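Enquirer: part one of the complex, untouched from its place in the assembly:
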Amino acid sequence: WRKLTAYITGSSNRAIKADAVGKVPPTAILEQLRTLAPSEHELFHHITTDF
Amino acid sequence: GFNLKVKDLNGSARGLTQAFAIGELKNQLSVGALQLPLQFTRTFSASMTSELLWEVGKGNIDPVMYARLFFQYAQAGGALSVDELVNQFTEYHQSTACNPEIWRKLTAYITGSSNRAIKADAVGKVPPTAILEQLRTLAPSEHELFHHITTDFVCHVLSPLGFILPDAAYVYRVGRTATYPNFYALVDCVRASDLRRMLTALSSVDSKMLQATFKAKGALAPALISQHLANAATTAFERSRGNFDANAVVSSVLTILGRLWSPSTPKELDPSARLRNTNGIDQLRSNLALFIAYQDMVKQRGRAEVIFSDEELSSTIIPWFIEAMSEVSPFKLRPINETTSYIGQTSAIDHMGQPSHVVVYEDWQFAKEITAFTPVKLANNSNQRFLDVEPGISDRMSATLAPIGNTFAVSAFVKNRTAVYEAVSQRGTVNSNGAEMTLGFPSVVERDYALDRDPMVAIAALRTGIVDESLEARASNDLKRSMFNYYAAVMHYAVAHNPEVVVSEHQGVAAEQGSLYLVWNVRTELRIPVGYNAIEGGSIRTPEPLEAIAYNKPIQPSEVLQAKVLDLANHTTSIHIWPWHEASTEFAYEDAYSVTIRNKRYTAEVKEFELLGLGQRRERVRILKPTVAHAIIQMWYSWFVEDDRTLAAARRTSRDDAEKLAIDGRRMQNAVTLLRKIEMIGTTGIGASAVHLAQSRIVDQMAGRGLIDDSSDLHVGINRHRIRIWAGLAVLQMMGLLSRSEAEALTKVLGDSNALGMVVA
Amino acid sequence: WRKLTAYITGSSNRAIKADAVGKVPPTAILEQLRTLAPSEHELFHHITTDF
């Protein structure tokens, strides 16, 4: 997640309530995650997608 | 409970007595006579039924809990004195106080936006815990919960800003306990009251309270407040030390008071000049509970010296540190009469008309509450556990559990236990010794096996008297301690029924007194022999003790002694409870039923989950254990078990028919009744679950294999019952209860009569 | 006879009161009583018991 969080905002881990302001994914992270490669077979990605 | 032949304990339970209590040891032992009367109204006892599940951690300060909870470590002897408890705190805290750093690091956590401008932004916040767990990481609550100390402490400062939210919300299960505390207990409870005073003091304030270094629009420069706080804590340190040493004082007081019960201590001319300061004195005394400590000193302090120097006259102020004036402990001012009453008396007689195989018992009440929960490790072995209810399921079971309690009519057990015991003067008329009087007190017993604990050879050591020590001292103390209560409870009754005494002591000793102590004034039962303790011609008063409690007409109780129900479940398992690993056991038991069908033996093995009827779920349930009943049954059980010995013996000692014959039924019927229970408890769901399961599996074994000529084989009693019973007993075995071994002795009931099982149902 | 009885229920000399006297299927007992009896044909004897 933390890595992802870097993606969640490149504004990443600093304060306050992580700014407590702003967002939006819209996917894309997914494809990052594809990169990292964890859906040993795919669509475990989906599992993560909705989740 | 405990049986005694009433003529001695001066050779048979100097593991008991006031003299003994003096540690004045060995003698039938006089009471000269000699003085002045008493009673109370009250008790102040803990809370006889106490044992509670306390929701634990949260908000701002409930000092009471905190301390009271503290009191639990202290109590836990796992924390000795309060002093020990405190040094730690300071040790972390001062270790804390001296560094603004600690905070600073935290501040990095407070916002990762950390130390830069302006009033640290002067905008935004929110914790909600979590920091805590960081702090756990850093590791400063040398033992925990110094963490709590820090928990409430920072948060408030935060407040206004951030937002909290934790799993401070907890429950701690405080368990089974005494009623009567004891000396240091007092003292430390008072130190805990000091701790209340602390608690109101350190805790509370030192940061509450306030600057302005928050004030909107601003917030606070970062690093800076740390300095305030760190030092703010220094002040929190500096106030240090509650009342004076309670120990001496209380004792001082006690003896002071001691010095009041008198005779005859005209030192000052008794409570006197010092008395004249007083006018609050008044109540102290007036509860029996209050006395009770004294004795403790007598042994403890060997019976100390010089009324504790009065704490040098501390005018009117140290009682005002008490719990009645610093309410630390459950100690419950409770009216003597109600102090207990689940006990009624019961008795024998040979047509005597007096009794001599006599039972006064305590009556419980026990019923449902059953819970099989999966402890949830929601963390890596952390106290942070939800204990997850497998709802309905246990509960399906609970209902089957339900018929039982009632059916197991324990109150009647004891009724029975007498009813049985004696037969007429058959075995009599055969007494002029210490007649039996038997005391039906599950409670301790319950407690000990509920405490795992197996004192009973030490209890026996009490039995002889001389009760002594060589191992796990903690336990030993406990072992001892527990004992105290007993007599303690007793007098209540003693008093209850005869609430009249004169306090008189034994000389022949140093420090110089021997407990003004008590006597009662029985005369109830008439011309009666029972030890040198009397007779008291015509008229009767009488000094000591048990017997007197024998000396009434038996009765029922009026206290239920219903077991308490507990929670860390509803609402609370969203949050945890701490240690209970023990408090639960993993679910299970599997065994196999063997029967020989047309001369070929068949055997099928069976298991729990499915015994519920449920393949074969998660497998991760620990179960709230059966604290009560396992024991109560082991009473029941045991009660049964001795009896056969006696009974067999009784037959042996029967050397005519009539007696033997009397034994017969007396022997018999009732067993099958046991059986009546057991098959009956087969008529339940759960019995049936076995049964259904059972036959079927068999059925195939013959039919499925060959010969099918057999349903019948289920349907003669013998076997039927056999399985049923066995099964029924089996249930118990996953109810823990028995041992297969122990059942086996019940199986020894098989030889007998060998009648058995004609007809049903 | 009495004697026999006397035990059968139930142990005699105080013998009084609402107790709990779960007498039984008496069944066997009788045969003791038979023993004490003589043993004439079948049982009449038993009836009598029932009586």
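Expert: Perfect, thanks for sending it. Numbering: from 1, shown residues only, chains lettered A, B, ... in the order given.

Enquirer: Can the helix or strand hosting residue A:3 be said to contact chain B?
Expert: Assessed by DSSP states H and E, residue A:3 sits inside helix A:2-8. No: judged by C-beta under 8 Å from any C-beta of the partner chain, helix A:2-8 makes no contact with chain B; its nearest approach is 11.8 Å. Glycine gets a C-beta too; all of them are placed from N, C-alpha and C.

Enquirer: Grab the most central residue of chain A for me.
Expert: The centre of chain A sits closest to residue A:4, judged by C-alpha atoms, centre = their mean, with a distance of 3.8 Å.

Enquirer: before we move on, the earlier item: now do the buried residues in the helix holding residue A:3.
Expert: Within helix A:2-8, the residues that count as buried by 16 or more other C-beta atoms under 10 Å in any protein chain shown are A:7, A:8.

Enquirer: Packing partners of it?
Expert: The contact analysis (3 or more C-beta pairs under 8 Å, 6 or more residues apart in numbering or on different chains; DSSP states H and E) places helix A:2-8 against helix A:29-36.

Enquirer: buried residues in the helix it packs on?
Expert: Quick answer for helix A:29-36 (16+ other C-beta under 10 Å): A:29, A:30, A:33.

Enquirer: before we move on, what about stretch A:18-32?
Expert: Those would be A:18, A:29, A:30, for stretch A:18-32 by 16+ other C-beta under 10 Å.

Enquirer: is that stretch up against chain B anywhere?
Expert: Yes: Stretch A:18-32 lies within reach of chain B by C-beta under 8 Å from any C-beta, at A:19, A:20.

Enquirer: rewinding a little: quick check, nearest of the buried residues of helix A:29-36 to residue C:37?
Expert: Using C-beta to C-beta, residue A:33 comes nearest to residue C:37 of the buried residues of helix A:29-36, at 95.7 Å.

Enquirer: And the closest one, how far from chain B?
Expert: According to C-beta to the nearest C-beta, to the nearest Å, residue A:33 and chain B sit 24 Å apart.

Enquirer: residues making contact with the helix holding residue A:3?
Expert: Under the contact criterion C-beta atoms under 8 Å, 6 or more residues apart in numbering or on different chains, helix A:2-8 has outside partners A:12, A:13, A:23, A:25, A:28, A:29, A:32, A:33, A:36.

Enquirer: throw chain D on there as well:
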Amino acid sequence: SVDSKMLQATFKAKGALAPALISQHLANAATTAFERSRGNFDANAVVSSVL
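Expert: Once chain D is put in with the chains from before, the structure reads:
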């Protein structure tokens, strides 16, 4: 469904959430998601059993 749906407040406006932190909740939130594991019993036998 669930294991994160479902919920804290570590979002609640004006706030949002400290960064890294929620991860811990979630990661572990997933652990619970793990722990429940195993549906009905083995269908195979059973169905056949039934059959």
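
Enquirer: same question on the contacts of helix A:2-8, but with chain D included?
Expert: A:12, A:13, A:23, A:25, A:28, A:29, A:32, A:33, A:36, D:19, D:20, D:23.

Enquirer: Alpha carbons only: can I get that helix in PDB?
Expert: These are the backbone C-alpha positions of helix A:2-8, laid out as PDB (Å, rounded to 0.1, in the frame of the first residue of the first chain):
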ATOM      1  CA  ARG A   2       2.600   2.400   1.000                       C
ATOM      2  CA  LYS A   3       4.200   2.200  -2.300                       C
ATOM      3  CA  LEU A   4       0.900   2.600  -3.800                       C
ATOM      4  CA  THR A   5       0.300   5.500  -1.500                       C
ATOM      5  CA  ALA A   6       3.200   7.200  -3.200                       C
ATOM      6  CA  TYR A   7       0.900   6.700  -6.200                       C
ATOM      7  CA  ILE A   8      -2.300   7.700  -4.300                       C
END
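
Enquirer: what's the spacing between it and its chain's center?
Expert: 5 Å (C-alpha atoms, centre = their mean, to the nearest Å).

Enquirer: Also stretch A:33-42?
Expert: On C-alpha atoms, centre = their mean, the centre of stretch A:33-42 falls 13 Å from that of its chain.

Enquirer: do stretch A:19-33 as well
Expert: Computed by C-alpha atoms, centre = their mean, the chain-centroid distance of stretch A:19-33 equals 6 Å.

Enquirer: what do you get for stretch A:9-23?
Expert: The answer for stretch A:9-23 is 14 Å, by C-alpha atoms, centre = their mean.

Enquirer: ends of stretch A:16-36, how far apart?
Expert: One end of stretch A:16-36 sits 28 Å from the other (C-alpha to C-alpha, to the nearest Å).

Enquirer: got a list of contacts for it?
Expert: A:3-4, A:7-9, A:11, A:39, A:45, A:48-49, B:111-113, B:121, B:123-126, D:10, D:13-19.

Enquirer: one more time with 7 Å
Expert: A:4, A:7, A:11, A:45, A:48-49, B:111, B:113, B:124-126, D:14-19 (C-beta atoms under 7 Å, 6 or more residues apart in numbering or on different chains).

Enquirer: okay, now the residue nearest to residue A:47 when sequence neighbours are not counted: neighbour count?
Expert: Once flanking residues are discounted, residue A:47 sits nearest to residue A:39: 7.6 Å by C-beta to C-beta, 6 or more residues apart in numbering or on different chains. Residue A:39 is flanked by 16 other residues according to other C-beta atoms under 10 Å in any protein chain shown.
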